[PDB]
Protein chains: 2
Amino acid sequence: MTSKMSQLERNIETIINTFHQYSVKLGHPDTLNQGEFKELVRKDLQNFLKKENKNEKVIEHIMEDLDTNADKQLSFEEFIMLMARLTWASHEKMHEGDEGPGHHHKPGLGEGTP
Amino acid sequence: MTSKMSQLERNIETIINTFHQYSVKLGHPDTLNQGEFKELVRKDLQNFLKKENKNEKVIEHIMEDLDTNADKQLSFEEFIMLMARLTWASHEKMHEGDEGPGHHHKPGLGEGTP
């Protein structure tokens, strides 16, 4: 086994460093501030949170409501719970209608895929 | 743009459904219980949390200490903060010594990669 690393672990690492590229805009990337968080959602989550991406104030809500440390910033733990909120959304997408549809939801969350 | 999906979003989705395969062992996968969480860490996080993976009691701690809903289970939000704990660890790995080493840490977190 050359690849000790696993599917989830690599996936987490990829998330961590990319989220941190938005976080690193302040230097030692220890957070996502209002601007960094908005951009983060605007670029990568633009699809999963696309409905949310259409408004700035909704993102502003996650921006500071999740700001448990109350600095208008998001620490690893704070933005990570954002991923849980999004997990609940992807939980709803997890019920793929393709097995037997009662009502069809859009791909990946809201996505249009041929 | 055929791939509306983004690097982080796909990465999150991959995490969600795989974590949920361990969560789905109970049916509607709404959690990771003690056994499901241990296995989850044991299989995928076995590398990132490898030092932790060597003990069961440490995983048991994350198992129920993170169990904010106090059912000896981990909801999406509860296991997601686990990923933040692991984010702090990967934050330490994020300081890749390869740019200019003062002290070298093992790859990806603890990994040995040629």
# chains A, B, ... in the order shown; residues from 1 in each chain; ligands from 1
>>> calpha_fit_and_write(fixed="chain A", moving="chain B", output="CSV table (one decimal) with N, CA, C and O atoms, in the first residue's frame")
chain,number,residue,atom,x,y,z
B,1,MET,N,0.8,-1.2,0.0
B,1,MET,CA,0.0,0.0,0.0
B,1,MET,C,0.9,1.3,0.0
B,1,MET,O,1.4,1.7,1.1
B,2,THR,N,1.1,1.8,-1.2
B,2,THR,CA,1.8,3.1,-1.3
B,2,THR,C,1.0,4.3,-0.9
B,2,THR,O,1.5,5.2,-0.3
B,3,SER,N,-0.3,4.2,-1.2
B,3,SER,CA,-1.2,5.3,-0.8
B,3,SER,C,-1.9,4.9,0.5
B,3,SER,O,-3.0,4.4,0.6
B,4,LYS,N,-1.1,5.2,1.6
B,4,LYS,CA,-1.7,5.0,2.9
B,4,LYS,C,-2.9,5.9,3.1
B,4,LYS,O,-3.9,5.5,3.8
B,5,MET,N,-2.8,7.1,2.6
B,5,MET,CA,-4.0,8.0,2.5
B,5,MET,C,-5.2,7.4,2.0
B,5,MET,O,-5.2,6.5,1.2
B,6,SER,N,-6.4,7.9,2.4
B,6,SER,CA,-7.7,7.3,2.1
B,6,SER,C,-8.5,8.3,1.3
B,6,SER,O,-8.1,9.4,1.1
B,7,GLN,N,-9.7,7.8,0.9
B,7,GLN,CA,-10.5,8.7,0.0
B,7,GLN,C,-11.0,9.9,0.8
B,7,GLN,O,-10.8,11.0,0.4
B,8,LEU,N,-11.5,9.7,2.0
B,8,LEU,CA,-12.0,10.8,2.8
B,8,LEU,C,-10.9,11.7,3.3
B,8,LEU,O,-11.1,12.9,3.3
B,9,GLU,N,-9.8,11.1,3.7
B,9,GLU,CA,-8.7,11.9,4.3
B,9,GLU,C,-8.1,12.8,3.2
B,9,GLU,O,-8.0,14.0,3.5
B,10,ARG,N,-7.8,12.4,2.0
B,10,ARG,CA,-7.4,13.2,0.9
B,10,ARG,C,-8.4,14.3,0.7
B,10,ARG,O,-8.1,15.5,0.5
B,11,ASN,N,-9.7,13.9,0.7
B,11,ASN,CA,-10.8,14.8,0.5
B,11,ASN,C,-10.9,15.9,1.5
B,11,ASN,O,-11.1,17.1,1.2
B,12,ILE,N,-10.6,15.5,2.8
B,12,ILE,CA,-10.6,16.5,3.8
B,12,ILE,C,-9.4,17.5,3.7
B,12,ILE,O,-9.6,18.7,3.8
B,13,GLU,N,-8.2,16.9,3.4
B,13,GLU,CA,-7.0,17.7,3.2
B,13,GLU,C,-7.2,18.7,2.1
B,13,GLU,O,-6.8,19.9,2.2
B,14,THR,N,-7.8,18.2,1.0
B,14,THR,CA,-8.1,19.1,-0.2
B,14,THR,C,-9.0,20.3,0.3
B,14,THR,O,-8.7,21.4,-0.1
B,15,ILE,N,-9.9,20.0,1.1
B,15,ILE,CA,-10.8,21.0,1.6
B,15,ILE,C,-10.1,22.0,2.5
B,15,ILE,O,-10.2,23.2,2.3
B,16,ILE,N,-9.3,21.4,3.4
B,16,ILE,CA,-8.6,22.2,4.4
B,16,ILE,C,-7.7,23.2,3.7
B,16,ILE,O,-7.8,24.4,4.0
B,17,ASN,N,-6.9,22.8,2.8
B,17,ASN,CA,-5.9,23.7,2.1
B,17,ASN,C,-6.6,24.7,1.2
B,17,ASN,O,-6.1,25.8,1.1
B,18,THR,N,-7.7,24.3,0.5
B,18,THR,CA,-8.3,25.2,-0.4
B,18,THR,C,-9.1,26.3,0.4
B,18,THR,O,-9.0,27.5,0.2
B,19,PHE,N,-9.9,25.8,1.4
B,19,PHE,CA,-10.6,26.7,2.3
B,19,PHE,C,-9.6,27.7,2.9
B,19,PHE,O,-9.8,28.9,3.0
B,20,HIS,N,-8.4,27.1,3.3
B,20,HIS,CA,-7.3,27.9,3.8
B,20,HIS,C,-6.7,28.9,2.9
B,20,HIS,O,-6.1,29.8,3.3
B,21,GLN,N,-6.8,28.7,1.6
B,21,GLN,CA,-6.3,29.6,0.6
B,21,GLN,C,-7.2,30.9,0.6
B,21,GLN,O,-6.7,32.0,0.4
B,22,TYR,N,-8.4,30.7,0.9
B,22,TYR,CA,-9.3,31.9,1.2
B,22,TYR,C,-9.0,32.4,2.6
B,22,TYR,O,-9.2,33.6,2.8
B,23,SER,N,-8.7,31.6,3.5
B,23,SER,CA,-8.4,32.0,4.9
B,23,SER,C,-7.0,32.7,5.0
B,23,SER,O,-6.8,33.5,5.8
B,24,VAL,N,-6.1,32.3,4.1
B,24,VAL,CA,-4.7,32.7,4.1
B,24,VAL,C,-4.5,34.1,3.6
B,24,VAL,O,-3.4,34.7,3.6
B,25,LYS,N,-5.6,34.7,3.1
B,25,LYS,CA,-5.6,36.0,2.5
B,25,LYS,C,-5.2,37.0,3.6
B,25,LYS,O,-4.6,38.1,3.2
B,26,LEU,N,-5.4,36.7,4.8
B,26,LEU,CA,-5.0,37.6,6.0
B,26,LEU,C,-3.6,37.3,6.5
B,26,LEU,O,-3.1,38.0,7.3
B,27,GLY,N,-3.0,36.3,5.9
B,27,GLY,CA,-1.6,35.9,6.4
B,27,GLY,C,-1.6,34.5,6.9
B,27,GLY,O,-1.9,33.5,6.2
B,28,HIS,N,-1.2,34.3,8.2
B,28,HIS,CA,-1.5,33.0,8.9
B,28,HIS,C,-3.0,32.8,8.9
B,28,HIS,O,-3.7,33.6,9.5
B,29,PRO,N,-3.5,31.8,8.1
B,29,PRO,CA,-4.8,31.9,7.6
B,29,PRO,C,-5.9,31.6,8.6
B,29,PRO,O,-6.9,30.9,8.3
B,30,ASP,N,-5.9,32.1,9.8
B,30,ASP,CA,-6.5,31.3,10.9
B,30,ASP,C,-8.0,31.3,10.9
B,30,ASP,O,-8.7,30.8,11.8
B,31,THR,N,-8.6,32.0,9.9
B,31,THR,CA,-10.0,32.3,9.9
B,31,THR,C,-10.5,32.5,8.4
B,31,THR,O,-9.7,32.6,7.5
B,32,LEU,N,-11.8,32.7,8.3
B,32,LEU,CA,-12.3,33.4,7.1
B,32,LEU,C,-13.1,34.6,7.6
B,32,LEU,O,-14.1,34.4,8.3
B,33,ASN,N,-12.7,35.8,7.2
B,33,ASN,CA,-13.4,37.0,7.5
B,33,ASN,C,-14.6,37.1,6.6
B,33,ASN,O,-14.8,36.3,5.7
B,34,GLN,N,-15.4,38.2,6.7
B,34,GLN,CA,-16.5,38.4,5.9
B,34,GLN,C,-16.2,38.3,4.4
B,34,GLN,O,-16.9,37.7,3.7
B,35,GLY,N,-15.1,38.9,4.0
B,35,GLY,CA,-14.8,39.0,2.6
B,35,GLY,C,-14.3,37.6,2.1
B,35,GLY,O,-14.6,37.2,1.0
B,36,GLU,N,-13.5,37.0,2.9
B,36,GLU,CA,-12.9,35.7,2.5
B,36,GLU,C,-14.0,34.6,2.5
B,36,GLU,O,-13.9,33.8,1.6
B,37,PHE,N,-14.9,34.7,3.4
B,37,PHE,CA,-16.0,33.7,3.5
B,37,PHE,C,-16.9,33.8,2.3
B,37,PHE,O,-17.2,32.8,1.7
B,38,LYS,N,-17.3,35.1,2.0
B,38,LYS,CA,-18.1,35.3,0.9
B,38,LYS,C,-17.5,34.8,-0.4
B,38,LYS,O,-18.2,34.2,-1.2
B,39,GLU,N,-16.3,35.1,-0.6
B,39,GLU,CA,-15.5,34.6,-1.8
B,39,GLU,C,-15.5,33.1,-1.8
B,39,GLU,O,-15.7,32.5,-2.9
B,40,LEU,N,-15.2,32.5,-0.7
B,40,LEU,CA,-15.1,31.1,-0.6
B,40,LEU,C,-16.4,30.5,-1.1
B,40,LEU,O,-16.4,29.6,-2.0
B,41,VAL,N,-17.5,30.9,-0.6
B,41,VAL,CA,-18.8,30.5,-1.0
B,41,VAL,C,-19.1,30.8,-2.4
B,41,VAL,O,-19.7,30.0,-3.2
B,42,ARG,N,-18.6,32.0,-2.8
B,42,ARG,CA,-18.9,32.5,-4.1
B,42,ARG,C,-18.2,31.7,-5.2
B,42,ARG,O,-18.7,31.7,-6.4
B,43,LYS,N,-17.1,31.1,-4.9
B,43,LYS,CA,-16.3,30.4,-5.9
B,43,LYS,C,-16.5,28.9,-5.9
B,43,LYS,O,-16.8,28.3,-6.9
B,44,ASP,N,-16.4,28.3,-4.7
B,44,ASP,CA,-16.4,26.8,-4.6
B,44,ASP,C,-17.8,26.3,-4.3
B,44,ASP,O,-18.3,25.3,-4.8
B,45,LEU,N,-18.5,27.0,-3.3
B,45,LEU,CA,-19.8,26.6,-2.9
B,45,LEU,C,-20.9,27.2,-3.7
B,45,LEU,O,-22.1,27.0,-3.5
B,46,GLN,N,-20.4,28.0,-4.7
B,46,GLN,CA,-21.3,28.7,-5.6
B,46,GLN,C,-22.3,27.8,-6.3
B,46,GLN,O,-23.4,28.3,-6.8
B,47,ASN,N,-22.1,26.5,-6.2
B,47,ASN,CA,-23.0,25.5,-6.8
B,47,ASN,C,-23.9,24.9,-5.8
B,47,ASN,O,-25.1,24.8,-5.9
B,48,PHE,N,-23.3,24.4,-4.7
B,48,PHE,CA,-24.0,23.7,-3.6
B,48,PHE,C,-24.8,24.7,-2.9
B,48,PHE,O,-26.0,24.4,-2.4
B,49,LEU,N,-24.4,25.9,-2.7
B,49,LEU,CA,-25.1,27.0,-2.1
B,49,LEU,C,-25.5,28.0,-3.1
B,49,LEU,O,-25.8,29.2,-2.7
B,50,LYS,N,-25.7,27.6,-4.3
B,50,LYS,CA,-26.0,28.5,-5.4
B,50,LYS,C,-27.2,29.4,-5.1
B,50,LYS,O,-27.2,30.6,-5.4
B,51,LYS,N,-28.3,28.8,-4.5
B,51,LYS,CA,-29.5,29.6,-4.1
B,51,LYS,C,-29.1,30.7,-3.1
B,51,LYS,O,-29.6,31.8,-3.2
B,52,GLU,N,-28.2,30.4,-2.2
B,52,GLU,CA,-27.7,31.3,-1.2
B,52,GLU,C,-26.7,32.3,-1.9
B,52,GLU,O,-26.6,33.4,-1.4
B,53,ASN,N,-26.0,31.8,-2.9
B,53,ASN,CA,-25.0,32.5,-3.6
B,53,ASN,C,-25.6,33.7,-4.3
B,53,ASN,O,-24.9,34.7,-4.7
B,54,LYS,N,-26.9,33.7,-4.5
B,54,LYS,CA,-27.5,34.8,-5.2
B,54,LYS,C,-27.8,36.0,-4.3
B,54,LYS,O,-28.1,37.1,-4.8
B,55,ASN,N,-27.6,35.8,-3.0
B,55,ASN,CA,-27.8,36.9,-2.1
B,55,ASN,C,-26.5,37.0,-1.2
B,55,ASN,O,-25.9,36.0,-0.9
B,56,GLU,N,-26.1,38.2,-0.9
B,56,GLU,CA,-24.9,38.4,-0.1
B,56,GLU,C,-25.3,38.4,1.4
B,56,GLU,O,-24.5,37.9,2.2
B,57,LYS,N,-26.5,38.8,1.7
B,57,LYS,CA,-26.9,38.9,3.1
B,57,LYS,C,-27.1,37.6,3.8
B,57,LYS,O,-26.9,37.4,5.0
B,58,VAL,N,-27.4,36.6,3.0
B,58,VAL,CA,-27.6,35.2,3.5
B,58,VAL,C,-26.2,34.7,3.9
B,58,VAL,O,-26.1,34.1,4.9
B,59,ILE,N,-25.2,35.0,3.1
B,59,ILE,CA,-23.9,34.6,3.3
B,59,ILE,C,-23.3,35.3,4.5
B,59,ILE,O,-22.6,34.8,5.4
B,60,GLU,N,-23.7,36.6,4.6
B,60,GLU,CA,-23.4,37.4,5.8
B,60,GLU,C,-23.9,36.8,7.1
B,60,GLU,O,-23.3,36.9,8.1
B,61,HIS,N,-25.1,36.2,7.0
B,61,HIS,CA,-25.7,35.6,8.2
B,61,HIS,C,-24.8,34.4,8.6
B,61,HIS,O,-24.4,34.3,9.8
B,62,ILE,N,-24.4,33.6,7.7
B,62,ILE,CA,-23.5,32.5,8.0
B,62,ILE,C,-22.1,33.0,8.5
B,62,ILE,O,-21.5,32.4,9.4
B,63,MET,N,-21.7,34.1,7.9
B,63,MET,CA,-20.5,34.8,8.2
B,63,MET,C,-20.5,35.1,9.7
B,63,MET,O,-19.5,34.7,10.3
B,64,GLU,N,-21.5,35.7,10.3
B,64,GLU,CA,-21.3,36.2,11.6
B,64,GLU,C,-22.1,35.4,12.6
B,64,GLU,O,-21.7,35.3,13.8
B,65,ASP,N,-23.2,34.8,12.3
B,65,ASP,CA,-24.0,33.9,13.1
B,65,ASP,C,-23.1,32.7,13.5
B,65,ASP,O,-23.2,32.2,14.6
B,66,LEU,N,-22.3,32.2,12.6
B,66,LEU,CA,-21.4,31.0,12.8
B,66,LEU,C,-20.2,31.5,13.6
B,66,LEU,O,-19.5,30.7,14.1
B,67,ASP,N,-20.0,32.8,13.5
B,67,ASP,CA,-18.8,33.4,14.3
B,67,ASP,C,-19.1,33.3,15.8
B,67,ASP,O,-19.5,34.3,16.4
B,68,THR,N,-18.8,32.2,16.3
B,68,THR,CA,-19.0,31.8,17.7
B,68,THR,C,-18.0,32.6,18.6
B,68,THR,O,-18.2,32.9,19.7
B,69,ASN,N,-16.8,32.9,18.0
B,69,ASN,CA,-15.8,33.6,18.6
B,69,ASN,C,-16.0,35.1,18.5
B,69,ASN,O,-15.2,35.9,19.0
B,70,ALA,N,-17.0,35.4,17.8
B,70,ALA,CA,-17.6,36.8,17.8
B,70,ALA,C,-16.6,37.8,17.3
B,70,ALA,O,-16.6,38.9,17.9
B,71,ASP,N,-15.8,37.5,16.3
B,71,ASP,CA,-14.8,38.5,15.8
B,71,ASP,C,-15.2,38.8,14.3
B,71,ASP,O,-14.4,39.5,13.6
B,72,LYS,N,-16.3,38.4,13.9
B,72,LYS,CA,-16.8,38.5,12.5
B,72,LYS,C,-15.8,37.8,11.6
B,72,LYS,O,-15.4,38.2,10.5
B,73,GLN,N,-15.4,36.6,12.1
B,73,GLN,CA,-14.5,35.8,11.4
B,73,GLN,C,-14.9,34.3,11.6
B,73,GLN,O,-15.8,34.0,12.5
B,74,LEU,N,-14.3,33.4,10.9
B,74,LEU,CA,-14.7,32.0,11.0
B,74,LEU,C,-13.5,31.1,11.2
B,74,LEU,O,-12.7,31.0,10.3
B,75,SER,N,-13.3,30.6,12.4
B,75,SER,CA,-12.3,29.7,12.7
B,75,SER,C,-12.5,28.3,12.0
B,75,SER,O,-13.6,28.1,11.5
B,76,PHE,N,-11.6,27.4,12.0
B,76,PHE,CA,-11.7,26.1,11.4
B,76,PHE,C,-13.0,25.4,11.9
B,76,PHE,O,-13.8,24.9,11.1
B,77,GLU,N,-13.3,25.5,13.2
B,77,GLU,CA,-14.4,24.9,13.8
B,77,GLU,C,-15.7,25.6,13.4
B,77,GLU,O,-16.8,25.0,13.2
B,78,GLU,N,-15.7,26.9,13.2
B,78,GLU,CA,-16.8,27.7,12.8
B,78,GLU,C,-17.2,27.4,11.3
B,78,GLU,O,-18.4,27.1,11.0
B,79,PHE,N,-16.2,27.5,10.5
B,79,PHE,CA,-16.5,27.3,9.1
B,79,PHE,C,-16.8,25.8,8.8
B,79,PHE,O,-17.6,25.4,7.9
B,80,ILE,N,-16.3,24.9,9.7
B,80,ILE,CA,-16.5,23.5,9.5
B,80,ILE,C,-18.0,23.1,9.8
B,80,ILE,O,-18.6,22.3,9.1
B,81,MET,N,-18.6,23.8,10.8
B,81,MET,CA,-20.0,23.6,11.0
B,81,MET,C,-20.8,24.1,9.8
B,81,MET,O,-21.9,23.6,9.6
B,82,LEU,N,-20.3,25.1,9.1
B,82,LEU,CA,-20.9,25.5,7.9
B,82,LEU,C,-21.0,24.3,6.9
B,82,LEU,O,-22.1,24.1,6.3
B,83,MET,N,-20.0,23.5,6.9
B,83,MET,CA,-20.0,22.3,6.0
B,83,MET,C,-21.0,21.3,6.5
B,83,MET,O,-21.5,20.5,5.7
B,84,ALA,N,-21.4,21.4,7.8
B,84,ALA,CA,-22.4,20.5,8.3
B,84,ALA,C,-23.8,21.0,7.9
B,84,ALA,O,-24.7,20.1,7.6
B,85,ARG,N,-24.0,22.3,7.9
B,85,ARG,CA,-25.2,22.9,7.4
B,85,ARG,C,-25.4,22.4,5.9
B,85,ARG,O,-26.5,22.1,5.5
B,86,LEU,N,-24.3,22.5,5.2
B,86,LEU,CA,-24.3,22.1,3.8
B,86,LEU,C,-24.4,20.6,3.7
B,86,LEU,O,-24.9,20.0,2.7
B,87,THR,N,-24.0,19.8,4.7
B,87,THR,CA,-24.2,18.4,4.8
B,87,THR,C,-25.6,18.1,4.9
B,87,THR,O,-26.1,17.1,4.3
B,88,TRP,N,-26.4,18.9,5.6
B,88,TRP,CA,-27.8,18.6,5.7
B,88,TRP,C,-28.5,18.8,4.4
B,88,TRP,O,-29.4,18.1,4.0
B,89,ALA,N,-28.0,19.8,3.6
B,89,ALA,CA,-28.5,20.1,2.3
B,89,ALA,C,-28.2,18.9,1.3
B,89,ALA,O,-29.0,18.4,0.6
B,90,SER,N,-26.9,18.4,1.5
B,90,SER,CA,-26.5,17.3,0.6
B,90,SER,C,-27.1,16.0,1.1
B,90,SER,O,-27.1,15.0,0.4
B,91,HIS,N,-27.6,16.0,2.4
B,91,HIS,CA,-28.4,14.9,2.9
B,91,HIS,C,-29.7,14.8,2.1
B,91,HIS,O,-30.2,13.7,1.9
B,92,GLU,N,-30.2,15.9,1.8
B,92,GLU,CA,-31.5,16.0,1.0
B,92,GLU,C,-31.2,15.6,-0.4
B,92,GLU,O,-32.1,15.0,-1.1
B,93,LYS,N,-30.0,15.8,-0.9
B,93,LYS,CA,-29.6,15.4,-2.3
B,93,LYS,C,-29.2,13.9,-2.2
B,93,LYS,O,-29.3,13.2,-3.3
B,94,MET,N,-28.9,13.5,-1.1
B,94,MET,CA,-28.5,12.1,-0.9
B,94,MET,C,-29.6,11.1,-1.2
B,94,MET,O,-29.4,10.0,-1.6
B,95,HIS,N,-30.8,11.6,-1.1
B,95,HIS,CA,-32.0,10.8,-1.5
B,95,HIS,C,-32.1,11.0,-3.0
B,95,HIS,O,-33.1,11.6,-3.5
B,96,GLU,N,-31.2,10.4,-3.8
B,96,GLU,CA,-31.2,10.4,-5.2
B,96,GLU,C,-32.5,9.8,-5.8
B,96,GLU,O,-32.7,8.6,-5.5
B,97,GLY,N,-33.2,10.6,-6.5
B,97,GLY,CA,-34.5,10.2,-7.0
B,97,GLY,C,-34.4,9.1,-8.1
B,97,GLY,O,-35.3,8.4,-8.5
B,98,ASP,N,-33.1,8.9,-8.5
B,98,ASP,CA,-32.9,8.0,-9.7
B,98,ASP,C,-33.2,6.6,-9.4
B,98,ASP,O,-33.4,5.8,-10.3
B,99,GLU,N,-33.3,6.2,-8.1
B,99,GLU,CA,-33.6,4.8,-7.7
B,99,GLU,C,-35.1,4.6,-7.9
B,99,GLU,O,-35.6,3.5,-8.1
B,100,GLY,N,-35.9,5.7,-7.7
B,100,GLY,CA,-37.3,5.6,-7.8
B,100,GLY,C,-38.0,6.9,-7.4
B,100,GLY,O,-38.3,7.1,-6.2
B,101,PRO,N,-38.2,7.8,-8.4
B,101,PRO,CA,-38.6,9.1,-8.1
B,101,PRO,C,-40.0,9.3,-7.6
B,101,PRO,O,-40.9,8.7,-8.1
B,102,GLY,N,-40.1,10.1,-6.6
B,102,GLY,CA,-41.4,10.7,-6.2
B,102,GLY,C,-41.4,12.2,-6.5
B,102,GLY,O,-42.5,12.7,-6.9
B,103,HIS,N,-40.3,12.8,-6.3
B,103,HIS,CA,-40.1,14.2,-6.7
B,103,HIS,C,-38.6,14.3,-7.0
B,103,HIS,O,-37.7,13.9,-6.2
B,104,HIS,N,-38.2,15.0,-8.1
B,104,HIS,CA,-36.8,15.1,-8.5
B,104,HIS,C,-36.2,16.4,-8.0
B,104,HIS,O,-36.7,17.5,-8.3
B,105,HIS,N,-35.0,16.2,-7.4
B,105,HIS,CA,-34.2,17.4,-7.0
B,105,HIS,C,-33.1,17.5,-8.0
B,105,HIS,O,-32.7,16.5,-8.6
B,106,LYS,N,-32.5,18.7,-8.1
B,106,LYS,CA,-31.4,18.9,-9.0
B,106,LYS,C,-30.1,18.3,-8.6
B,106,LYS,O,-29.9,18.2,-7.4
B,107,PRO,N,-29.4,17.8,-9.5
B,107,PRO,CA,-28.1,17.1,-9.3
B,107,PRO,C,-27.1,17.9,-8.4
B,107,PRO,O,-27.1,19.1,-8.3
B,108,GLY,N,-26.3,17.1,-7.8
B,108,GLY,CA,-25.3,17.4,-6.7
B,108,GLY,C,-25.7,18.3,-5.6
B,108,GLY,O,-25.4,18.0,-4.4
B,109,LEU,N,-26.3,19.4,-5.8
B,109,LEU,CA,-27.4,19.9,-4.9
B,109,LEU,C,-28.4,20.6,-5.8
B,109,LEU,O,-29.6,20.4,-5.6
B,110,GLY,N,-27.9,21.5,-6.7
B,110,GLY,CA,-28.7,22.3,-7.5
B,110,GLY,C,-28.3,22.2,-9.0
B,110,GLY,O,-28.7,23.0,-9.8
B,111,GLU,N,-27.4,21.3,-9.2
B,111,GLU,CA,-26.6,21.3,-10.4
B,111,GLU,C,-27.3,20.8,-11.7
B,111,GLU,O,-28.3,20.1,-11.6
B,112,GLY,N,-26.9,21.3,-12.8
B,112,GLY,CA,-27.4,20.7,-14.1
B,112,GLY,C,-26.3,19.9,-14.8
B,112,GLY,O,-25.3,20.5,-15.2
B,113,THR,N,-26.4,18.6,-14.8
B,113,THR,CA,-25.4,17.8,-15.4
B,113,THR,C,-26.0,16.8,-16.5
B,113,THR,O,-26.9,16.1,-16.2
B,114,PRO,N,-25.4,16.9,-17.7
B,114,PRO,CA,-25.8,16.0,-18.7
B,114,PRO,C,-25.4,14.5,-18.4
B,114,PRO,O,-26.2,13.8,-17.8
>>> select_by_dssp(residues="chain A", states="alpha helix (DSSP H)", output="ChimeraX atom specification")
/A:7-23,34-43,50-53,56-65,76-94
>>> select_by_dssp(residues="chain B", states="strand (DSSP E or B)", output="PDB file with C-alpha atoms, in the first residue's frame")
ATOM      1  CA  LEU B  32     -22.300   7.839  13.586  1.00  0.00           C
ATOM      2  CA  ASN B  33     -22.618   5.738  16.700  1.00  0.00           C
ATOM      3  CA  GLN B  73     -23.931   9.299  18.505  1.00  0.00           C
ATOM      4  CA  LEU B  74     -22.587  11.907  16.108  1.00  0.00           C
TER       5      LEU B  74
END
>>> decode(residues="segment 33-46 of chain A", atoms="N, CA, C and O atoms", output="PDB file, in the first residue's frame")
ATOM      1  N   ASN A  33     -12.690  35.771   7.166  1.00  0.00           N
ATOM      2  CA  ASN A  33     -13.444  36.955   7.527  1.00  0.00           C
ATOM      3  C   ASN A  33     -14.606  37.117   6.563  1.00  0.00           C
ATOM      4  O   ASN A  33     -14.822  36.266   5.699  1.00  0.00           O
ATOM      5  N   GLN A  34     -15.354  38.192   6.719  1.00  0.00           N
ATOM      6  CA  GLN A  34     -16.528  38.437   5.903  1.00  0.00           C
ATOM      7  C   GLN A  34     -16.213  38.328   4.412  1.00  0.00           C
ATOM      8  O   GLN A  34     -16.928  37.661   3.669  1.00  0.00           O
ATOM      9  N   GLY A  35     -15.120  38.944   3.994  1.00  0.00           N
ATOM     10  CA  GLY A  35     -14.785  38.979   2.584  1.00  0.00           C
ATOM     11  C   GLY A  35     -14.283  37.644   2.081  1.00  0.00           C
ATOM     12  O   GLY A  35     -14.625  37.212   0.977  1.00  0.00           O
ATOM     13  N   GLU A  36     -13.478  36.988   2.898  1.00  0.00           N
ATOM     14  CA  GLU A  36     -12.890  35.711   2.539  1.00  0.00           C
ATOM     15  C   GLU A  36     -13.952  34.621   2.494  1.00  0.00           C
ATOM     16  O   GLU A  36     -13.941  33.770   1.604  1.00  0.00           O
ATOM     17  N   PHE A  37     -14.878  34.659   3.446  1.00  0.00           N
ATOM     18  CA  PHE A  37     -15.957  33.683   3.497  1.00  0.00           C
ATOM     19  C   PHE A  37     -16.884  33.833   2.297  1.00  0.00           C
ATOM     20  O   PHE A  37     -17.251  32.844   1.660  1.00  0.00           O
ATOM     21  N   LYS A  38     -17.263  35.074   1.994  1.00  0.00           N
ATOM     22  CA  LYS A  38     -18.140  35.348   0.862  1.00  0.00           C
ATOM     23  C   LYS A  38     -17.529  34.827  -0.429  1.00  0.00           C
ATOM     24  O   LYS A  38     -18.201  34.172  -1.214  1.00  0.00           O
ATOM     25  N   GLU A  39     -16.253  35.119  -0.628  1.00  0.00           N
ATOM     26  CA  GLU A  39     -15.529  34.650  -1.800  1.00  0.00           C
ATOM     27  C   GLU A  39     -15.478  33.127  -1.834  1.00  0.00           C
ATOM     28  O   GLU A  39     -15.738  32.521  -2.868  1.00  0.00           O
ATOM     29  N   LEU A  40     -15.163  32.520  -0.695  1.00  0.00           N
ATOM     30  CA  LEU A  40     -15.120  31.065  -0.578  1.00  0.00           C
ATOM     31  C   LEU A  40     -16.424  30.456  -1.089  1.00  0.00           C
ATOM     32  O   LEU A  40     -16.417  29.592  -1.975  1.00  0.00           O
ATOM     33  N   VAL A  41     -17.539  30.926  -0.552  1.00  0.00           N
ATOM     34  CA  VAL A  41     -18.843  30.451  -0.980  1.00  0.00           C
ATOM     35  C   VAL A  41     -19.095  30.815  -2.435  1.00  0.00           C
ATOM     36  O   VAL A  41     -19.665  30.045  -3.194  1.00  0.00           O
ATOM     37  N   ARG A  42     -18.640  31.990  -2.817  1.00  0.00           N
ATOM     38  CA  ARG A  42     -18.908  32.528  -4.133  1.00  0.00           C
ATOM     39  C   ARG A  42     -18.195  31.733  -5.224  1.00  0.00           C
ATOM     40  O   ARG A  42     -18.639  31.698  -6.369  1.00  0.00           O
ATOM     41  N   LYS A  43     -17.064  31.132  -4.891  1.00  0.00           N
ATOM     42  CA  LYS A  43     -16.272  30.431  -5.892  1.00  0.00           C
ATOM     43  C   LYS A  43     -16.517  28.926  -5.877  1.00  0.00           C
ATOM     44  O   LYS A  43     -16.820  28.338  -6.911  1.00  0.00           O
ATOM     45  N   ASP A  44     -16.377  28.298  -4.718  1.00  0.00           N
ATOM     46  CA  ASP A  44     -16.434  26.838  -4.650  1.00  0.00           C
ATOM     47  C   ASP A  44     -17.811  26.321  -4.272  1.00  0.00           C
ATOM     48  O   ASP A  44     -18.286  25.342  -4.838  1.00  0.00           O
ATOM     49  N   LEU A  45     -18.454  26.980  -3.326  1.00  0.00           N
ATOM     50  CA  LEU A  45     -19.781  26.570  -2.867  1.00  0.00           C
ATOM     51  C   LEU A  45     -20.861  27.210  -3.720  1.00  0.00           C
ATOM     52  O   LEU A  45     -22.050  27.042  -3.471  1.00  0.00           O
ATOM     53  N   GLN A  46     -20.415  27.964  -4.715  1.00  0.00           N
ATOM     54  CA  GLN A  46     -21.284  28.697  -5.632  1.00  0.00           C
ATOM     55  C   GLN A  46     -22.348  27.793  -6.251  1.00  0.00           C
ATOM     56  O   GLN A  46     -23.356  28.271  -6.754  1.00  0.00           O
TER      57      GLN A  46
END
